[PDB]
């Protein structure tokens, strides 16, 4: 089973949002059994915690699932077929951890409007509900390219 994992720092806002969203989208496409989707954080200050109440709030506001258990990047995640970094800091950490460039890609590099320079997804933790809605929109705009990536991989 193909494995894609999203990575941010605390695994309570950005990455879990991308995880639930992409996983649900795959289910709608009937590809839920063929692709495993998870997420983790580079840090461990939230291991075991649910997603941020505001993150679950926006997910729910758009009809997506919210169940989540925060975790720090481990063996399981580093063994994914693709590690999706939320921002450039996450990417350099995963890179420096030993993951080759081809397996570390920033989420926004999948946005159809993306240029060679991939943009960061901002952390909404210290913002307001508006910031969480914006993070949702940014992620929503980037995922279509990840679906193409999955289609290419499943062909294998």
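Residue numbers count along the first chain shown, from 1.
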Stretch with higher mean Cα temperature factor, 82-90 vs 69-77, is 69-77
Assert higher mean C-alpha B factor (134-142 or 8-16, deposited values) equals 8-16
Per the deposited B-factor column, the C-alpha that peaks among 62, 27, 129, 108 belongs to 129
The residue of 112, 32, 57, 43 with the maximal C-alpha B-factor according to the PDB record is 43
The third of the chain into which the C-alpha temperature factor of residue 37 falls is the lowest
Binned into thirds over the chain's modelled residues, the C-alpha B-factor of residue 119 lands in the middle
Of the three thirds of Cα B-factor ranks in this chain, residue 99 occupies the middle
